[PDB]
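Every chain is numbered from 1, with letters handed out A, B, ... down the list of sequences. When reading the values below, keep in mind they use all heavy atoms of this one structure, side chains included, and skip hydrogens, waters and symmetry mates.
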Amino acid sequence: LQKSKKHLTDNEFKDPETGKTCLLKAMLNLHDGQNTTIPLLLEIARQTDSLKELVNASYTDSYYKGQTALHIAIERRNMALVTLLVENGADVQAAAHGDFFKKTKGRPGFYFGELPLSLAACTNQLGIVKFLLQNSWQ
Amino acid sequence: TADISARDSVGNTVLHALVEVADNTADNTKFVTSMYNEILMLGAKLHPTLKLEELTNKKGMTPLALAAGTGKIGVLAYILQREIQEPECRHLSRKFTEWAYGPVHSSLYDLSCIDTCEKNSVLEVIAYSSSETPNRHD
(Lines give C-alpha, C1' and ligand atoms only; values in the text may rest on other atoms or scores of the structure.)
Protein backbone atom coordinates (compact mmCIF):
# COMPACT_ATOMS: atom_id res chain seq x y z
CA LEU A 1 0.00 0.00 0.00
CA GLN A 2 3.09 2.23 0.26
CA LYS A 3 3.46 2.05 -3.52
CA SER A 4 0.02 3.40 -4.34
CA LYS A 5 -1.44 5.58 -1.56
CA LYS A 6 -2.95 3.56 1.35
CA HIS A 7 -5.78 6.12 1.57
CA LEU A 8 -8.46 5.26 -1.01
CA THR A 9 -7.07 1.73 -1.22
CA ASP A 10 -7.99 1.10 2.42
CA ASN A 11 -11.29 2.82 1.65
CA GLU A 12 -11.65 0.40 -1.27
CA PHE A 13 -10.58 -2.42 1.08
CA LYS A 14 -13.55 -1.65 3.34
CA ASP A 15 -15.66 -4.82 3.49
CA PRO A 16 -18.60 -4.09 1.12
CA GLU A 17 -22.18 -4.25 2.50
CA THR A 18 -20.77 -3.46 5.98
CA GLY A 19 -18.15 -0.71 5.64
CA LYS A 20 -15.59 -2.54 7.79
CA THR A 21 -12.11 -1.19 7.26
CA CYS A 22 -9.32 -3.44 8.51
CA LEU A 23 -9.35 -1.73 11.92
CA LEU A 24 -12.89 -2.68 12.97
CA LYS A 25 -12.24 -6.22 11.70
CA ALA A 26 -9.31 -6.60 14.08
CA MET A 27 -10.99 -6.04 17.45
CA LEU A 28 -13.86 -8.30 16.35
CA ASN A 29 -11.55 -11.33 16.04
CA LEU A 30 -9.48 -10.90 19.20
CA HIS A 31 -7.56 -13.54 21.14
CA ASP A 32 -6.99 -13.11 24.89
CA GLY A 33 -7.62 -9.38 24.52
CA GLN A 34 -5.21 -8.67 21.67
CA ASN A 35 -4.87 -9.50 17.97
CA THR A 36 -1.28 -8.17 17.52
CA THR A 37 -2.30 -6.84 14.11
CA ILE A 38 -4.01 -3.88 15.83
CA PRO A 39 -0.61 -2.33 16.75
CA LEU A 40 0.62 -3.02 13.22
CA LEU A 41 -2.45 -1.70 11.41
CA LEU A 42 -1.98 1.53 13.36
CA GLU A 43 1.66 1.58 12.18
CA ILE A 44 0.57 1.41 8.53
CA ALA A 45 -1.74 4.37 9.17
CA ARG A 46 0.59 6.66 11.15
CA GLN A 47 3.58 6.56 8.78
CA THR A 48 1.53 6.67 5.60
CA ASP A 49 -0.81 9.66 5.48
CA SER A 50 -4.46 9.91 6.65
CA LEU A 51 -4.59 8.14 10.03
CA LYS A 52 -7.98 9.66 10.92
CA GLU A 53 -9.97 7.87 8.22
CA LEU A 54 -9.08 4.48 9.73
CA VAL A 55 -10.17 5.25 13.31
CA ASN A 56 -13.02 7.64 12.48
CA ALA A 57 -14.22 4.97 10.04
CA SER A 58 -17.25 2.88 10.96
CA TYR A 59 -19.75 0.47 9.50
CA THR A 60 -21.54 1.91 6.46
CA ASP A 61 -24.70 -0.20 6.67
CA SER A 62 -27.88 1.31 8.08
CA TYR A 63 -27.99 -1.46 10.71
CA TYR A 64 -24.62 -0.65 12.36
CA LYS A 65 -24.54 2.96 11.12
CA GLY A 66 -21.90 4.92 13.01
CA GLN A 67 -20.43 2.12 15.14
CA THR A 68 -16.80 3.15 15.13
CA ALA A 69 -14.06 0.77 16.22
CA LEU A 70 -13.95 2.66 19.53
CA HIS A 71 -17.35 1.19 20.40
CA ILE A 72 -15.96 -2.31 19.87
CA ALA A 73 -13.21 -1.98 22.47
CA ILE A 74 -15.76 -0.75 25.02
CA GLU A 75 -18.00 -3.80 24.60
CA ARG A 76 -15.15 -6.32 24.65
CA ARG A 77 -13.90 -4.90 27.99
CA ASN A 78 -10.40 -4.04 26.73
CA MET A 79 -9.19 -1.05 28.74
CA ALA A 80 -6.01 -0.95 26.66
CA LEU A 81 -7.56 -0.68 23.19
CA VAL A 82 -9.69 2.20 24.45
CA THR A 83 -6.42 3.89 25.39
CA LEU A 84 -4.65 2.97 22.13
CA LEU A 85 -7.38 4.23 19.80
CA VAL A 86 -8.11 7.52 21.59
CA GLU A 87 -4.42 8.38 21.33
CA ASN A 88 -4.68 8.11 17.53
CA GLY A 89 -7.87 10.20 17.27
CA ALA A 90 -10.92 7.93 17.53
CA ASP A 91 -13.63 10.52 18.32
CA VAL A 92 -15.36 9.82 21.65
CA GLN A 93 -18.59 11.36 20.29
CA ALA A 94 -19.28 8.94 17.43
CA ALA A 95 -23.02 8.30 17.21
CA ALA A 96 -23.77 4.59 16.72
CA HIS A 97 -26.97 5.40 14.86
CA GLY A 98 -27.71 1.89 13.59
CA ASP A 99 -31.02 0.07 13.99
CA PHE A 100 -29.23 -2.38 16.29
CA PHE A 101 -28.47 0.68 18.44
CA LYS A 102 -31.94 2.30 18.42
CA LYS A 103 -34.92 2.10 20.79
CA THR A 104 -36.28 -1.35 21.76
CA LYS A 105 -37.92 -1.90 18.33
CA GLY A 106 -39.40 -5.27 19.35
CA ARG A 107 -36.35 -6.76 17.59
CA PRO A 108 -32.89 -7.91 18.75
CA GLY A 109 -30.69 -5.06 19.89
CA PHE A 110 -29.00 -3.23 22.77
CA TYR A 111 -29.74 0.45 23.30
CA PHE A 112 -27.14 2.27 25.37
CA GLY A 113 -27.42 5.88 24.10
CA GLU A 114 -25.46 5.72 20.81
CA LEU A 115 -22.37 7.44 22.29
CA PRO A 116 -19.25 5.64 23.59
CA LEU A 117 -19.47 7.23 27.05
CA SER A 118 -22.98 5.83 27.46
CA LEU A 119 -21.79 2.40 26.29
CA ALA A 120 -19.21 2.31 29.08
CA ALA A 121 -21.73 3.42 31.70
CA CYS A 122 -24.21 0.74 30.60
CA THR A 123 -21.51 -1.97 30.40
CA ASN A 124 -20.03 -1.83 33.93
CA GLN A 125 -16.88 -0.10 32.82
CA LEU A 126 -16.35 2.67 35.36
CA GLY A 127 -12.66 2.84 34.56
CA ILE A 128 -13.53 3.61 30.95
CA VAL A 129 -15.97 6.30 32.09
CA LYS A 130 -13.37 8.21 34.11
CA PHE A 131 -10.82 7.69 31.33
CA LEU A 132 -12.90 9.14 28.49
CA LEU A 133 -13.55 12.32 30.50
CA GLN A 134 -9.92 12.92 31.63
CA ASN A 135 -7.57 10.94 29.37
CA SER A 136 -5.16 13.49 27.94
CA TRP A 137 -6.33 14.30 24.39
CA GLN A 138 -10.10 14.30 23.76
CA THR B 1 -11.86 -51.23 25.12
CA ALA B 2 -15.55 -51.03 25.96
CA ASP B 3 -18.00 -50.16 23.18
CA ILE B 4 -19.78 -46.84 23.69
CA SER B 5 -22.15 -47.91 20.90
CA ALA B 6 -23.08 -51.38 22.19
CA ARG B 7 -26.63 -52.31 23.15
CA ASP B 8 -28.31 -54.43 25.81
CA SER B 9 -31.12 -56.99 25.48
CA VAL B 10 -33.71 -54.21 25.24
CA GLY B 11 -31.49 -52.26 22.83
CA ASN B 12 -30.70 -49.52 25.36
CA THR B 13 -27.19 -48.18 24.90
CA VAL B 14 -25.32 -46.63 27.82
CA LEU B 15 -27.02 -43.27 27.33
CA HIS B 16 -30.48 -44.82 27.17
CA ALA B 17 -29.54 -46.56 30.42
CA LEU B 18 -28.60 -43.22 31.96
CA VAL B 19 -32.19 -42.21 31.19
CA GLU B 20 -33.84 -45.36 32.57
CA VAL B 21 -31.93 -44.91 35.83
CA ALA B 22 -32.93 -41.27 36.38
CA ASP B 23 -35.59 -40.75 39.07
CA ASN B 24 -36.26 -36.98 39.07
CA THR B 25 -34.38 -36.34 42.33
CA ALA B 26 -31.75 -33.63 42.49
CA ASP B 27 -28.73 -35.72 43.45
CA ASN B 28 -29.54 -38.28 40.77
CA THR B 29 -30.22 -35.47 38.31
CA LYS B 30 -27.00 -33.70 39.31
CA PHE B 31 -25.15 -36.93 38.62
CA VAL B 32 -26.80 -38.47 35.55
CA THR B 33 -26.51 -35.18 33.70
CA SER B 34 -22.85 -34.99 34.69
CA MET B 35 -22.24 -38.57 33.58
CA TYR B 36 -24.42 -38.12 30.50
CA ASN B 37 -22.01 -35.35 29.52
CA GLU B 38 -18.79 -37.29 29.98
CA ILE B 39 -19.55 -40.40 27.90
CA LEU B 40 -21.23 -38.12 25.37
CA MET B 41 -18.07 -35.99 25.34
CA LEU B 42 -15.84 -39.09 25.37
CA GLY B 43 -17.65 -40.34 22.27
CA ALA B 44 -16.24 -37.37 20.36
CA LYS B 45 -12.67 -38.10 21.43
CA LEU B 46 -13.05 -41.78 20.51
CA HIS B 47 -15.32 -42.60 17.54
CA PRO B 48 -15.73 -38.96 16.42
CA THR B 49 -18.31 -39.71 13.70
CA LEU B 50 -21.24 -41.44 15.45
CA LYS B 51 -23.80 -39.13 17.12
CA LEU B 52 -24.81 -41.48 19.97
CA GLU B 53 -28.03 -39.57 20.71
CA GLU B 54 -29.40 -40.65 17.32
CA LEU B 55 -29.17 -44.30 18.37
CA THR B 56 -32.56 -45.98 18.73
CA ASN B 57 -33.31 -48.95 20.98
CA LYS B 58 -35.65 -51.86 20.22
CA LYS B 59 -38.62 -49.54 20.79
CA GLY B 60 -37.14 -47.02 18.35
CA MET B 61 -36.52 -44.54 21.15
CA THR B 62 -33.55 -42.19 21.45
CA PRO B 63 -32.17 -41.12 24.84
CA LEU B 64 -33.94 -37.78 24.45
CA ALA B 65 -37.31 -39.26 23.48
CA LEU B 66 -36.90 -41.91 26.18
CA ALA B 67 -36.33 -39.13 28.70
CA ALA B 68 -39.49 -37.43 27.44
CA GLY B 69 -41.60 -40.58 27.19
CA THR B 70 -40.58 -41.69 30.68
CA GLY B 71 -41.00 -38.36 32.45
CA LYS B 72 -37.33 -37.49 32.91
CA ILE B 73 -37.38 -33.71 33.10
CA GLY B 74 -33.92 -33.21 34.60
CA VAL B 75 -32.23 -35.22 31.87
CA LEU B 76 -34.52 -33.56 29.31
CA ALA B 77 -33.58 -30.14 30.68
CA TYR B 78 -29.93 -31.14 30.46
CA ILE B 79 -30.08 -32.49 26.91
CA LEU B 80 -32.02 -29.47 25.65
CA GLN B 81 -30.08 -26.62 27.35
CA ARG B 82 -26.81 -28.50 26.72
CA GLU B 83 -23.93 -26.12 25.97
CA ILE B 84 -20.43 -27.61 25.79
CA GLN B 85 -17.61 -25.05 25.66
CA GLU B 86 -14.80 -27.45 24.73
CA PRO B 87 -13.67 -27.06 21.08
CA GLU B 88 -13.67 -30.69 19.89
CA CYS B 89 -16.89 -31.38 21.85
CA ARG B 90 -18.74 -28.23 20.78
CA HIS B 91 -20.74 -29.90 18.00
CA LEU B 92 -22.29 -31.97 20.79
CA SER B 93 -23.55 -28.74 22.31
CA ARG B 94 -27.21 -28.02 21.77
CA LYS B 95 -27.71 -24.55 23.31
CA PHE B 96 -25.53 -22.17 21.33
CA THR B 97 -24.93 -18.42 21.45
CA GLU B 98 -25.10 -16.44 18.22
CA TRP B 99 -24.10 -13.05 19.58
CA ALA B 100 -23.47 -11.21 22.81
CA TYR B 101 -23.35 -7.41 22.71
CA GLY B 102 -23.09 -6.42 26.34
CA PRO B 103 -25.61 -7.94 28.75
CA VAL B 104 -27.71 -9.11 25.81
CA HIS B 105 -26.91 -12.51 24.36
CA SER B 106 -28.95 -14.39 21.76
CA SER B 107 -29.09 -18.13 22.37
CA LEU B 108 -29.92 -20.78 19.77
CA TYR B 109 -31.61 -24.03 20.71
CA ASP B 110 -31.43 -26.85 18.16
CA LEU B 111 -34.82 -28.26 17.15
CA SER B 112 -33.67 -31.70 16.03
CA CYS B 113 -36.19 -34.28 17.28
CA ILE B 114 -38.59 -31.69 18.79
CA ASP B 115 -40.51 -30.37 15.77
CA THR B 116 -42.55 -32.72 13.55
CA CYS B 117 -39.54 -35.01 13.07
CA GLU B 118 -39.43 -38.53 11.63
CA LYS B 119 -39.72 -41.07 14.44
CA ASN B 120 -40.51 -39.53 17.85
CA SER B 121 -40.72 -35.81 18.50
CA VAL B 122 -40.15 -34.58 22.03
CA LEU B 123 -43.36 -32.57 21.73
CA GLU B 124 -45.33 -35.58 20.49
CA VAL B 125 -43.79 -37.90 23.08
CA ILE B 126 -44.67 -35.35 25.78
CA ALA B 127 -48.02 -34.26 24.31
CA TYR B 128 -49.20 -37.76 23.33
CA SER B 129 -47.93 -39.40 26.51
CA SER B 130 -49.75 -42.00 28.55
CA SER B 131 -51.31 -40.58 31.70
CA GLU B 132 -48.85 -41.99 34.25
CA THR B 133 -45.67 -40.79 32.47
CA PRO B 134 -44.56 -38.51 35.32
CA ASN B 135 -44.28 -34.76 34.84
CA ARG B 136 -46.31 -34.64 31.63
CA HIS B 137 -47.14 -31.10 32.64
CA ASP B 138 -43.63 -29.97 33.67
Side-chain angles (χ1 to χ4, degrees), chain A residues 29-32, chain B residues 1-100 103-138:
Chain A
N29 189 1
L30 278 170
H31 295 89
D32 295 331
Chain B
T1 61
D3 191 359
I4 51 94
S5 181
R7 295 180 182 277
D8 63 354
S9 296
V10 297
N12 286 321
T13 61
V14 61
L15 297 177
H16 294 89
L18 274 300
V19 177
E20 290 292 330
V21 70
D23 293 331
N24 299 117
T25 183
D27 292 324
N28 194 1
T29 301
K30 185 181 264 77
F31 174 73
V32 172
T33 57
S34 68
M35 187 64 73
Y36 182 86
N37 197 4
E38 294 289 328
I39 296 94
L40 191 278
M41 289 175 75
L42 191 150
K45 285 87 172 67
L46 296 172
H47 297 282
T49 61
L50 196 159
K51 294 181 179 180
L52 289 169
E53 294 179 351
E54 293 181 354
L55 294 174
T56 61
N57 59 5
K58 299 290 179 68
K59 300 294 186 291
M61 297 299 290
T62 59
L64 177 59
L66 184 63
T70 56
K72 268 60 185 296
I73 187 167
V75 179
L76 182 65
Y78 180 74
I79 297 165
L80 295 176
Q81 289 96 30
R82 188 175 68 235
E83 61 187 1
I84 297 168
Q85 295 83 16
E86 187 173 2
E88 68 275 19
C89 295
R90 183 179 179 271
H91 65 285
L92 298 166
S93 299
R94 192 178 172 285
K95 181 180 178 174
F96 295 97
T97 304
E98 176 164 3
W99 60 272
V104 182
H105 63 90
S106 182
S107 296
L108 294 175
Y109 295 91
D110 191 359
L111 298 175
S112 297
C113 301
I114 296 173
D115 197 77
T116 305
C117 69
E118 183 62 26
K119 183 65 173 66
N120 288 321
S121 296
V122 172
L123 297 172
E124 293 176 354
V125 174
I126 295 161
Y128 299 164
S129 295
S130 294
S131 300
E132 293 179 354
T133 58
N135 294 317
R136 296 181 67 246
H137 303 98
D138 294 329

Requested in this report: Could you give me the CA-CA distance, side-chain angles and deciding distance for B:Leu76 and B:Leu64, then say whether side chain to side chain contact (heavy atoms under 4.5 Å, CB included) is met?
Outcome: CA-CA 6 Å; B:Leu76 182 65; B:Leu64 177 59; 3.4 Å; yes

Return yes if some donor-acceptor pair links the side-chain N/O of [X] with the main-chain N/O of [Y] below 3.5 Å, else return no.
X        : Y        : result
B:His16  : B:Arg7   : no
B:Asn120 : B:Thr62  : no
B:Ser121 : B:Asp115 : yes
B:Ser93  : B:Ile84  : yes

Report task. Kindly indicate, with the supporting measurements, whether the criterion side chain to side chain contact (heavy atoms under 4.5 Å, CB included) is fulfilled by B:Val10 and B:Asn57. Result -> CA-CA 7 Å; B:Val10 297; B:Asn57 59 5; over 6 Å; no

What heavy-atom pair brings [X] and [Y] nearest, and what distance separates the two atoms?
X        : Y        : answer
B:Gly74  : B:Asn24  : N-ND2, 4.3 Å
B:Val125 : B:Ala65  : CG1-O, 3.5 Å
B:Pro63  : B:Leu15  : CG-CB, 3.9 Å
B:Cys89  : B:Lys45  : SG-NZ, 3.2 Å
B:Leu80  : B:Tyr109 : O-CD2, 3.7 Å
B:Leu92  : B:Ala44  : CD1-CB, 3.6 Å

Query raised in the report: Is there a side-chain contact between B:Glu83 and B:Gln81 (heavy atoms, below 4.5 Å)?
Result: no

Query raised in the report: Do B:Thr116 and B:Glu124 touch side chain to side chain, with heavy atoms closer than 4.5 Å?
Result: yes

Atom pair [atom1]/[atom2] of [X] and [Y] - distance to nearest 0.5 Å:
X       : Y       : atom1 : atom2 : result
B:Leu55 : B:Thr13 : CG    : OG1   : 5.5 Å
B:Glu38 : B:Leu18 : CD    : CG    : 11.0 Å
B:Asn12 : B:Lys59 : CG    : NZ    : 9.0 Å
B:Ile39 : B:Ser34 : CD1   : OG    : 8.5 Å
B:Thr70 : B:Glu20 : OG1   : CD    : 6.0 Å
B:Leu52 : B:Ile4  : CG    : CD1   : 4.5 Å

Requested in this report: Take B:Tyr78 and B:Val32 through the test side chain to side chain contact (heavy atoms under 4.5 Å, CB included) and record every step on the way to the result.
Outcome: CA-CA 9 Å; B:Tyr78 180 74; B:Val32 172; over 6 Å; no

Report task. Could you walk me through whether B:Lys58 and B:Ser9 pass side chain to side chain contact (heavy atoms under 4.5 Å, CB included), step by step? Result -> CA-CA 9 Å; B:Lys58 299 290 179 68; B:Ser9 296; 5.7 Å; no

Above 12 or not: heavy atoms from other molecules or residues under 6.0 Å from [atom1] of [X]?
X        : atom1 : result
B:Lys119 : NZ    : yes
B:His91  : NE2   : yes
B:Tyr128 : OH    : no

Can I get a per-line list of side-chain donor-acceptor pairs under 3.5 Å for residues 130-138 of chain B, giving both atom names and the distance, sequence neighbours left out?
unit_1, atom_1, unit_2, atom_2, d
B:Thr133, OG1, B:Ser130, O, 2.1

Query raised in the report: Ion pair present between B:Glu53 and B:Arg94, side-chain N to carboxylate O less than 4.0 angstrom?
Result: no

